[PDB]
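This report concerns only the one structure given below.
For the numbers below, each heavy atom of this structure counts, side chains included, while hydrogens, waters and symmetry mates do not. Chain naming here is simple, since letters A, B, ... match the order of the sequence lines and numbering starts at 1 in each.
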Amino acid sequence: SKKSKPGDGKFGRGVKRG
Amino acid sequence: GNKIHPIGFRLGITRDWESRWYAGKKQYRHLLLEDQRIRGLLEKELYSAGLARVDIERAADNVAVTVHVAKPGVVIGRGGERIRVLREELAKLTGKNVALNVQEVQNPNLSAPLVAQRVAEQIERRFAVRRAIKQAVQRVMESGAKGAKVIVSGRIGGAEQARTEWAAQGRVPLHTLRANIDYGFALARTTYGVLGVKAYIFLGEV
Amino acid sequence: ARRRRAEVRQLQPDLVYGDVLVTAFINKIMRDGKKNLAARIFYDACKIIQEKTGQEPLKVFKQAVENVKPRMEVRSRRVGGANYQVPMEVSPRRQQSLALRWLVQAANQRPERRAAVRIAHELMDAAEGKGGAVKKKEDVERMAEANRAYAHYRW
Amino acid sequence: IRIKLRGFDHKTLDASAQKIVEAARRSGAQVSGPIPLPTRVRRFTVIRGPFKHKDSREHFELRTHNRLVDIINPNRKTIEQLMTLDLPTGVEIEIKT
Amino acid sequence: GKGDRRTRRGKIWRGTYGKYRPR
Amino acid sequence: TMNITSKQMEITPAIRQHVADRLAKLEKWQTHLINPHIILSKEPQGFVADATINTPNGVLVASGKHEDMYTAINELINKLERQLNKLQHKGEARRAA
Amino acid sequence: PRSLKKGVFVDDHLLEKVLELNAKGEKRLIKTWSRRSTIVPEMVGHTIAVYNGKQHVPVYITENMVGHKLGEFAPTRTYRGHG
Amino acid sequence: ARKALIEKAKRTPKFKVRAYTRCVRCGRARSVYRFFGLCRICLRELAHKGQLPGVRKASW
Amino acid sequence: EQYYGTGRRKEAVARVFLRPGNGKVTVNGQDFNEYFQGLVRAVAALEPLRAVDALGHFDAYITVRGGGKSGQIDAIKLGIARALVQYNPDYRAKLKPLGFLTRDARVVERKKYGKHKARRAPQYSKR
RNA sequence: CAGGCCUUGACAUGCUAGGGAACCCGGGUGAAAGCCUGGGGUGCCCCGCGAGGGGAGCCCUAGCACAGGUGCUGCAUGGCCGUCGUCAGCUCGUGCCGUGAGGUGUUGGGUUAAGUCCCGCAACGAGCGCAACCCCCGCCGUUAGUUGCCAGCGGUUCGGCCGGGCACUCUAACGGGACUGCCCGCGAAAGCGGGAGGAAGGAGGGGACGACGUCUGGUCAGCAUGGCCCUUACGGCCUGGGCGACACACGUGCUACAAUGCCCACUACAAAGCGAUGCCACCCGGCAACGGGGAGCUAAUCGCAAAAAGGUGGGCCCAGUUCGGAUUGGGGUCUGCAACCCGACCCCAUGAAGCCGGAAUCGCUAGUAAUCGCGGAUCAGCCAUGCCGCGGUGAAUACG
Ligand SMILES: [Mg+2]
Ligand SMILES: [Mg+2]
Ligand SMILES: [Mg+2]
Ligand SMILES: [Mg+2]
Ligand SMILES: [Mg+2]
Ligand SMILES: [Mg+2]
Ligand SMILES: [Mg+2]
Ligand SMILES: [Mg+2]
Ligand SMILES: [Mg+2]
Ligand SMILES: [Mg+2]
Ligand SMILES: [Mg+2]
Ligand SMILES: [Mg+2]
Ligand SMILES: [Mg+2]
Ligand SMILES: [Mg+2]
Ligand SMILES: [Mg+2]
Ligand SMILES: [Mg+2]
Ligand SMILES: [Mg+2]
Ligand SMILES: [Mg+2]
Ligand SMILES: [Mg+2]
Ligand SMILES: [Mg+2]
Ligand SMILES: [Mg+2]
Ligand SMILES: [Mg+2]
Ligand SMILES: [Mg+2]
Ligand SMILES: [Mg+2]
Ligand SMILES: [Mg+2]
Ligand SMILES: [Mg+2]
Ligand SMILES: [Mg+2]
Ligand SMILES: [Mg+2]
Ligand SMILES: [Mg+2]
Ligand SMILES: [Mg+2]
Ligand SMILES: [Mg+2]
Ligand SMILES: [Mg+2]
Ligand SMILES: [Mg+2]
Ligand SMILES: [Mg+2]
Ligand SMILES: [Mg+2]
Ligand SMILES: [Mg+2]
Ligand SMILES: [Mg+2]
Ligand SMILES: [Mg+2]
Ligand SMILES: [Mg+2]
Ligand SMILES: [Mg+2]
Ligand SMILES: [Mg+2]
Ligand SMILES: [Mg+2]
Ligand SMILES: [Mg+2]
Ligand SMILES: [Mg+2]
Ligand SMILES: [Mg+2]
Ligand SMILES: [Mg+2]
Ligand SMILES: [Mg+2]
Ligand SMILES: [Mg+2]
Ligand SMILES: [Mg+2]
Ligand SMILES: [Mg+2]
Ligand SMILES: [Mg+2]
Ligand SMILES: [Mg+2]
Ligand SMILES: [Mg+2]
Ligand SMILES: [Mg+2]
Ligand SMILES: [Mg+2]
Ligand SMILES: [Mg+2]
Ligand SMILES: [Mg+2]
Ligand SMILES: [Mg+2]
Ligand SMILES: [Mg+2]
Ligand SMILES: [Zn+2]
């Protein structure tokens, strides 16, 4: 649901958080 | 993608460094960061003038900035007004004897970067790229160049499918070193991304 | 390769018998460009072969080479659905290289510990007709005779 | 009365060892001709492209050529006419004695 | 021996010195 | 042994094991499948199943693409089969004369 | 390891904390991020909560573990094999 | 993370070790040459422009 | 009275001074045979004057700097070959057919980026 | 990634309001960051012999804009790069042919590394490519003579040391030089075979140089950039941890399995580079890493420096070994705020696997491959056995 890669299932959103 | 930058190709043969000055390992970068920053304000400002080349000389905490343009009067200012207003903000950054001068560009249509900048704005203004391309090649030929090639790459006309358009009349022998080939680039920003204009002018061999 | 025949390199003679062939052979002893060692081994061999056999080393060396030069060799050549071993003449250029190769090669298979001894000995037997290097010449030669049947496929 | 020239351009490094070894050659007396010290090449080797492609580079160098010239018989007639001479931009001068 | 730090051969290779390659 | 790369994408040990099961079909030809390397990827309009596999008789390179990732794997297997079968009987083709 | 000439390294901010714990009479629990710290004999018998990136690991310190640094007893990589 | 780090590179650090080259031009933390203050990309870019004094494509 | 040829091999450069003598030969302040001890390549250094029977008619005070022994050896061979031609230019015959007068330009080839050496390319796995 | 924090924000251009400018010294808590807090003096143009009064060179605080994002999309892009491929090709103009796609030219015969050139031809030209102009090396001349050089003469502490000289080496700029120019022979020719001279001969060797284009190749994480997204958080700061994990598998390498080798001692010959909190001469301390002193060099001056293979001599004696140097214990050294994760080096001890490697597969055509060292960038240090260079010794083979 947030940054880069790999995705978190939300459009264009990976699993990295700030 | 392949072709060598034809100015860097001829440096010290058919063209000469835009910034000439020795400096020692202790100093080089700091001096170059000026030449970068110097070209910063200048290329930012004198753009509307018609900036085409920016020499920088140094000798001893003093720097001599040659500026070759199609509109010398734009930089010189109101009878001396701007050319003043610059040496100030220059010697502010320079922090030193920021000697400035202005050079006439005899024929502008024979200095690549000017043709390039023109096509750039000409497409930023939404003119048919292909036409604008063939015209630029025409004007450089009318100005008696021995050949000319201009190259627009990107979303030409806003087409989703980026594309490379180019026209080339005459000779443009880029493998030839004695060929005096003036190359310059300009970067057209549009509502749909950046295009890139490359211009080649063959002014004749040596 | 494709365009034209290779040109056989010429090799300056060795400075101890003036022989073009001793040079060639010393090269075949040389690992890692260490020719000084290589010459030292060949000459030190000559030291030995002179001792244990009172003949001129060069005489024996050259004689060994003649007795290892294969006159015929098989060379594979797929015709239809089989690779036939074809009996073909050996050019003297190649006879040289094989006998030089096989001498070293068989020599370094011998049991005696010092290299110049192994060269000295393989040279003494190939001159007399014994030795793994001679064997290789014979084995290669029985093959070509065996498959004389396919001499007509020679190119 | 040494004169030690440095510069990335040799067309100008040789140009100004000339004019130096012509000033004192005029204002008298002797000068030991411009000698070319061995160059000091500082190269840079760069992956020709932005991302990967490790196996392609472009070689850049930076020559700092060196000229040494001597004012043999100093003779302060030189000294003054040298105190105003014309060295182009990319040249640096190390005068000692 | 170029892998064996306890020879002059290995110290030429590491490029270090010591007991087995002094200076 | 067999390597699977899931490029810019995330698969499971189930999907990895599916690839091995599908790749297994190439074993019918009874020839060494040497370090078979399957890459998976996902383009805007379909998955891509790459595979590079060398055999004692040459290499198998093929790429399948399809909206269904599983189908793309199959189209990849198909291409690889046809190549591998060609590797195995191209030699017979010129037995006479 | 570190030079002998230079002194043994404690962070001189955990050490402030442990000395008063000697003086006033220990023990409280000492939360620290000072992995790099050598254990020093003044610490023996305390219990320090050593951060490892994720959690503060109690370590009871003892005579036999005074040579070692405080990270050598709160491991960083969580791992139970492959299977 | 970029601009916060082109700036954080500039500041004098709690410890001298943390000092690290960045490109004055583009900010690149990697392949930064001391002599130009430049990374290899920028180095190539300006050098081809001829704005690196005496910096010429070598060929031997 | 005394004759000279410049001898240059790889990075080896040799200054040869042919001087009529008993046969003595010095290479960099020590007699040849002691400077090329254990180098069987050596005798080739003196070879040009064997093809003009000049073996012991001369001496040679030779300095050499650069490269390695066997380069310096070929640098030498060239020099004394060079030097013998100023002594007598009729000497090209019995020097030039024996190729002594010509200097091979075979230099270490340059290292090239993308290789492990000049031409030795890096190993890859196409598959 | 965890945790403690910041909310015009690490950074821009602003506009307005409270102070003061500016700045420097801290003190409390705290892992640091932060948060709280203690000190002190703003010039000018001004009414100032005066309180007081700004406006602004800059400071902070609240605000509102905005910042910030190595967050997504290389299937929106520029730039630059890889690749086919240094391959001999790709086209255009006009003419000609075809209803048209298109053809011709560019095919053909000969020749070449080459769409290289010759000849022929409904073609005739032209452009991009090829080549050449550029760099390095090979020979020679000129110009130079220190810090480089030492042929001869003088001295000489015995070291080109000094005097002396620039011859030679060199060094580094400028020229020359090679053109199938000449001879033979075959050729219509272009060229091809052979020869002479010559340092070099048929592009001398190497480099730089990469056509239209292909791979919806590569790179939104170098940079730029459209659009999409985040806004006390997808921005930012710090401490720690991670990027170094380890049942496995693949790539690229190093070092090996030994006697053409290994060890020790002594003894030679390079080139290219780098070097003012840098290279360190030399003396001393320690087996040593190193430490302490301490000269010289802004460096053709002094230094890194020893090159190593080699050479001489001695040792080992075919053994998992005096091969191999992995792994582990113990003890140190240095960098650095800090070497637990997670540095390199040194020493003592340990002394693994490995007896030449299956299917398969890589490189290289000559000063190459092989083998040996040396340097550099990055860099405090270093995980470099990598990379880019540099020279040393120096092959085999090409029928086809
Ligand atoms: Mg963050
Ligand atoms: Mg062999
Ligand atoms: Mg055999
Ligand atoms: Mg028999
Ligand atoms: Mg590589
Ligand atoms: Mg050992
Ligand atoms: Mg896998
Ligand atoms: Mg992944
Ligand atoms: Mg996965
Ligand atoms: Mg998408
Ligand atoms: Mg889809
Ligand atoms: Mg693919
Ligand atoms: Mg099927
Ligand atoms: Mg088929
Ligand atoms: Mg940015
Ligand atoms: Mg650092
Ligand atoms: Mg950096
Ligand atoms: Mg030279
Ligand atoms: Mg001898
Ligand atoms: Mg080499
Ligand atoms: Mg690769
Ligand atoms: Mg793309
Ligand atoms: Mg991608
Ligand atoms: Mg692109
Ligand atoms: Mg037409
Ligand atoms: Mg028709
Ligand atoms: Mg028609
Ligand atoms: Mg047409
Ligand atoms: Mg064509
Ligand atoms: Mg066509
Ligand atoms: Mg033809
Ligand atoms: Mg070609
Ligand atoms: Mg053509
Ligand atoms: Mg034609
Ligand atoms: Mg002269
Ligand atoms: Mg020929
Ligand atoms: Mg070319
Ligand atoms: Mg793509
Ligand atoms: Mg970006
Ligand atoms: Mg974007
Ligand atoms: Mg919009
Ligand atoms: Mg942090
Ligand atoms: Mg990593
Ligand atoms: Mg597995
Ligand atoms: Mg490695
Ligand atoms: Mg190896
Ligand atoms: Mg360094
Ligand atoms: Mg054994
Ligand atoms: Mg054992
Ligand atoms: Mg075992
Ligand atoms: Mg052992
Ligand atoms: Mg230990
Ligand atoms: Mg560590
Ligand atoms: Mg082996
Ligand atoms: Mg093998
Ligand atoms: Mg096989
Ligand atoms: Mg070895
Ligand atoms: Mg190295
Ligand atoms: Mg380093
Ligand atoms: Zn940069």
Side-chain angles (χ1 to χ4, degrees), chain A residues 2-4 12 17-18, chain B residues 1-2 4 13 153-155 160 162 171 175-178 187 192-196, chain C residues 1 6 27 30-37 41 91 113 115, chain D residues 10 14 32-38 45 48-53 56 68, chain E residues 1-4 12 16 18-19, chain F residues 1 3 32 34-35 44 56, chain G residues 1 3-4 9 13 32-36 51-54 69 71-72 76-77 79 81-83, chain H residues 1-4 7-8 15 17 26 28 39 41 57 59-60, chain I residues 11 13 15 37-38 65-70 72 102-103 105-111 113 118-121 123:
Chain A
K2 305 186 160 321
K3 305 184 60 207
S4 86
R17 45 204 72 86
Chain B
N2 29 42
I4 181 63
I13 293 92
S153 312
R155 309 189 48 185
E160 192 201 358
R171 290 179 36 173
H175 292 232
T176 300
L177 283 116
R178 70 181 122 76
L187 182 114
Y192 47 82
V194 148
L195 277 60
Chain C
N27 291 158
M30 175 177 22
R31 325 197 184 303
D32 309 318
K34 299 180 75 189
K35 197 197 302 279
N36 201 57
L37 168 47
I41 280 169
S91 69
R113 312 193 152 177
Chain D
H10 70 86
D14 288 331
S32 98
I35 91 190
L37 274 218
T45 291
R48 191 180 268 268
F51 200 37
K52 24 128 169 166
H53 308 334
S56 189
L68 190 58
Chain E
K2 300 203 284 239
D4 169 70
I12 283 162
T16 61
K19 189 163 187 248
Chain F
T1 82
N3 295 113
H32 197 183
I34 310 186
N35 310 317
Chain G
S3 301
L4 247 210
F9 195 96
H13 68 66
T32 184
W33 290 253
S34 47
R35 307 186 69 76
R36 23 130 84 158
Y51 198 64
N52 62 346
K54 187 174 213 299
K69 319 303 187 88
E72 310 196 14
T76 52
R77 311 223 176 72
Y79 173 73
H82 302 90
Chain H
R2 167 103 309 175
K3 247 255 226 65
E7 229 76 357
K8 187 198 281 154
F15 318 91
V17 246
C26 75
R28 217 178 139 114
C39 81
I41 311 173
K57 292 168 52 74
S59 109
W60 69 104
Chain I
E11 298 294 303
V13 191
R15 303 166 58 236
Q37 160 185 39
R65 317 155 74 87
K69 305 290 180 154
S70 189
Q72 297 178 1
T102 161
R103 179 253 211 256
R106 293 174 311 113
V107 303
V108 139
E109 199 172 305
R110 179 215 165 174
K111 164 78 181 60
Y113 61 96
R119 290 163 168 196
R120 170 65 162 104
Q123 182 184 281

Pair of N/O donor and acceptor under 3.5 Å linking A2(J) base with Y51(G) side chain: yes

Could you check whether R110(I) gets within reach of a base, just the sugar-phosphate, or nothing at all, counting any heavy atom under 4.0 Å? sugar-phosphate

Six-membered ring stacking of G155(J) and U156(J), under 5.5 Å, under 30°: yes

From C1'-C2'-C3'-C4' (positive north, negative south), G57(J) puckers north

With a 4.5 Å heavy-atom cut-off, do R35(G) and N52(G) have their side chains touching? yes

Kindly label the base of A299(J) as syn or anti, based on whether its glycosidic torsion lies within 90° of 0. syn

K34(C) side chain near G310(J) phosphate (N/O to OP1/OP2, under 4.0 Å): yes

Classify the side chain of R31(C) versus the base of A395(J) as yes if they form a donor-acceptor pair under 3.5 Å and no if they do not. no

So, going by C1'-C2'-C3'-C4' where positive is north and negative is south, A377(J) is north

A370(J) phosphate, OP1 or OP2, under 4.0 Å from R120(I) side-chain N/O: yes

Does the pairing criterion hold for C387(J) and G222(J)? That is, Watson-Crick or G-U wobble with both distances under 3.5 Å. no

So, under a plain 3.5 Å distance rule, would you say the side chain of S59(H) forms a donor-acceptor pair with the base of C135(J)? yes

Side-chain N or O of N52(G) less than 4.0 angstrom from OP1 or OP2 on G240(J)? no

Would you mind reporting whether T176(B) and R171(B) have side-chain heavy atoms less than 4.5 Å apart? no

Which listed nucleotide (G389(J), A2(J), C209(J)) is nearest to the side chain of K111(I)? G389(J)

Quick one, give me the B/S/- string for nucleotides 316-328 of chain J, reading 5' to 3', where B means a protein heavy atom under 4.0 Å from the base and S means that only happens at the primed atoms, P, OP1 or OP2. -BB-----SBS--

Hey, does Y192(B) reach any base, or is it just sugar-phosphate, or nothing, if we go heavy atoms under 4.0 Å? base

Calculate the interatomic distance between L37(C) atom CG and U393(J) atom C1'; express it in whole Å. 12 Å

If only side-chain N and O atoms of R65(I) are considered, is one of them under 4.0 Å from the OP1 or OP2 phosphate oxygen of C150(J)? yes

Is there a Watson-Crick or G-U wobble pair formed by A349(J) and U328(J), both distances less than 3.5 Å? yes

Please give, in whole Å, the distance from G217(J) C1' to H53(D) NE2? 8 Å

At under 4.0 Å between heavy atoms, how does the protein contact nucleotides 273-283 of chain J? Give one character per nucleotide, 5' to 3', with B, S or -. SBBSB------

What does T176(B) touch in the nucleic acid at a heavy-atom separation under 4.0 angstrom: a base, only the sugar-phosphate, or nothing? base

Partner of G125(J) by Watson-Crick or G-U wobble geometry, both contacts under 3.5 Å, or none? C92(J)

Any side-chain N or O of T45(D) less than 4.0 Å from the OP1 or OP2 oxygen of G376(J)? no

Nearest whole angstrom, please: distance from the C1' of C234(J) to the CZ of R17(A). 11 Å

Any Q123(I) side-chain nitrogen or oxygen under 4.0 Å from OP1 or OP2 of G253(J): yes

Any non-hydrogen side-chain atom of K35(C) less than 4.5 Å from a side-chain atom of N27(C)? yes

Would you call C66(J) and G9(J) a Watson-Crick or G-U wobble pair if both distances must be under 3.5 Å? yes

Indicate yes if the six-membered rings of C133(J) and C134(J) are centred less than 5.5 Å apart and inclined by less than 30°, otherwise no. no

Watson-Crick or G-U wobble between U37(J) and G26(J), both distances under 3.5 Å? yes

Does a Watson-Crick or G-U wobble pair link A249(J) to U378(J), with each of the two distances under 3.5 Å? no

Over all strands shown, is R48(D) touching base, sugar-phosphate only, or nothing at heavy-atom distances under 4.0 angstrom? sugar-phosphate

Chi class for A319(J): syn within 90° of 0, otherwise anti: syn

What integer distance in Å separates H175(B):NE2 from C209(J):P? 10 Å

Counting only Watson-Crick and G-U wobble pairs whose two distances fall below 3.5 Å, is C96(J) partnered with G79(J)? no

Is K8(H) close enough to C238(J) that one of its side-chain N or O atoms is under 4.0 Å from OP1 or OP2 there? yes

Looking for any heavy atom pair under 4.0 Å, which part of the strands does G196(B) touch: base, sugar-phosphate only, or nothing? sugar-phosphate

Under 4.0 Å between a side-chain N or O of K3(A) and OP1 or OP2 of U70(J)? no

Would you indicate, from the sign of the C1'-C2'-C3'-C4' dihedral, whether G210(J) has a north or a south sugar? south

Assigned glycosidic conformation for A247(J) [threshold 90° from 0]: syn

So, is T16(E) near the phosphate of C346(J), with a side-chain N or O under 4.0 Å from OP1 or OP2? yes

Would you say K69(I) reaches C269(J)'s phosphate, i.e. side-chain N/O to OP1/OP2 under 4.0 Å? no

Can you find a donor-acceptor pair, distance only, under 3.5 Å between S34(G) side chain and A31(J) base? no

Classified sugar conformation, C150(J), by whichever sign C1'-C2'-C3'-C4' takes: south

Tell me, please, if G141(J) and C174(J) meet the Watson-Crick or G-U wobble pairing rule with both distances under 3.5 Å? yes

Pair flag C192(J) x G185(J), Watson-Crick or wobble criteria, under 3.5 Å: yes

Note: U393(J) sugar, classed by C1'-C2'-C3'-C4' (positive north, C3'-endo side; negative south, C2'-endo side), is north

By the 4.0 Å heavy-atom rule, please label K35(C) as base, sugar-phosphate, or nothing. sugar-phosphate

Send over the distance from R28(H) CZ to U219(J) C1', rounded to a whole Å. 10 Å

Between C161(J) and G160(J), is the stacking condition met, i.e. ring centres under 5.5 Å and planes under 30 degrees? no

Base-pairing result for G375(J) and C388(J), Watson-Crick or G-U at under 3.5 Å: yes

So what does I35(D) touch, heavy atoms closer than 4.0 Å: a base, only the sugar-phosphate, or nothing? base

Between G367(J) atom P and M30(C) atom CE, what is the distance in whole Å? 16 Å

Ignoring backbone atoms, test whether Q37(I) places a side-chain nitrogen or oxygen under 4.0 Å from the OP1 or OP2 oxygen of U312(J). no

Can you measure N3(F) atom CG to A249(J) atom P for me and round it to whole angstrom units? 10 Å

OP1, OP2 of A211(J) versus side-chain N and O of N2(B): anything below 4.0 Å? yes

For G83(G), answer base if it contacts any base atom (sugar-phosphate contacts may also be present), sugar-phosphate if it contacts only those atoms, and nothing otherwise; contact means non-hydrogen atoms under 4.0 Å. nothing

With rounding to whole Å, what would you report as the distance between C387(J) and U378(J) at their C1' atoms? 10 Å

Which part of the nucleic acid, if any, lies within reach of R15(I) when heavy atoms closer than 4.0 Å are counted: base, sugar-phosphate only, or nothing? base

Does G294(J) pair up with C280(J), Watson-Crick or G-U wobble, with both distances inside 3.5 Å? yes

Is the phosphate of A247(J) approached by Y79(G) (side-chain N or O, under 4.0 Å from OP1 or OP2)? yes

Using whole Å, report how far CZ of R77(G) lies from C1' of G241(J). 9 Å

Look at the side-chain N and O atoms of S91(C) and state whether any lies under 4.0 Å from the OP1 or OP2 oxygen of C399(J). no

